[PDB]
Structure formats: C-alpha cells, structure tokens
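One chain comes next, on its own, written as structure tokens: the form deposited in one PDB entry.
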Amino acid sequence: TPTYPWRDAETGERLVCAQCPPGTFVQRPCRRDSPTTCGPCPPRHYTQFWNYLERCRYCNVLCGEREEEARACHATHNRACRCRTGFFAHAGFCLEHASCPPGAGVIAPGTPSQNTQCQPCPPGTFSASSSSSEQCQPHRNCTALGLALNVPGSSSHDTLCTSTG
C-alpha cells in the first residue's frame, strides 16, 4: 500500500499516510490516530491509479457525431470513443467505409479500426456493383447447369447461359 508524507497539525509529528485507491481521492489526510479518508470520485470524474489527489481528474474526453462511447466515464476510467458503424478510424478521424467497385469484392468488412478490404475478382468470379459488403461471387456455371453458354463472364459481369442445351 503506497504512502505519502504528512504532518500532524497539532503536534508536528511526521506521518506516513496511505494513498487512495483507483476510484477514490484524498478527501482528508491521515492524522496520528485516524487513517487517510478516501472519498469516492464524484460523477464525471475519475482516478484510475493509486493516488493522492485532492480532487479527481475530470472526464474530459468528448465524442464527435461520428463516434460513440467505447467506455463510459466511470470512477476508475475516463470515457473513450470508437467510431460508429459505417465508419473507421484513420489518423484521429472517423472516415466512411470504402465501397469496392465493380470488378472487385470484399474480403474483410470494415470495422471501427479498419477500412473495407477489397481484392480484384479472381478468375471465375465476379462483382458487378460498388458495395462495401458484396464479395466476389462465382460465375453461373453453364456446364453444371446443363445449359449452353451464351455470353462468357468477366470480373464485373456474370456469365449468361441460354435456357436449354
């Protein structure tokens, strides 16, 4: 249990007072016969460590329109923010999740920390839309369907078959 020096005001003896734990602060210092009085941190304030503050640190962190509370102001921790759904964090900003264009598909959806991840559509697959969730899907397989090939596909348009063979 860590300590801070003090002095009885009546006598003058050195004291070794106890510090206050996370979630509290020093409301009254120790005396010869009573220990340090630790107060609970009042709303909107905090202390996250063992400490001897005469007042708690303020929850100073503000969340923008594009952010929500990853953590609330609590007596043991400041508030903290992450980006809302639809957005990710680049360089202190919350940017919109990119869409993958036609010809390319999502390999990882975007998160609060990470942007949409796109590769170009590998052979035999396609994406025809700009989308931030559409993945490269496999071409209509005319031979598996027993049908005749009408127009071959590409990375951005599905293969077309006839309706017979």
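Think of the rigid core as the biggest set of C-alphas that the two forms share within 1.5 Å after superposition. From 1 onward, residues are counted along the sequence shown.
Superposing the other copies on the rigid core and comparing 25 to 33 to 55 to 63, farther C-alpha placement in 7 other deposited structures of this protein marks 25 to 33. In the record comparison, residue 146 is unmodelled in at least a third of the other entries of this protein that model the residues flanking it. For the pair 71 to 79 and 87 to 95, the mean Cα B-factor is higher in 87 to 95.
104 to 112 and 120 to 128 differ in mean CA B-factor, and the higher of the two is recorded for 104 to 112. Residue set 41, 30, 61, 26: peak C-alpha B-factor at 30 (per PDB entry). Residue 146 sits in the lowest third of its chain by CA B factor, as recorded in the PDB entry.
For residue 47, the recorded CA temperature factor ranks within the lowest third of the chain's modelled residues.
Residue 57: CA B factor in the lowest third of modelled residues in this chain (values from the PDB entry). Compared with the other modelled residues of the chain, the Cα B-factor recorded for residue 156 ranks in the lowest third. Looking at the C-alpha B-factors along this chain, the one for residue 12 belongs to the highest third.
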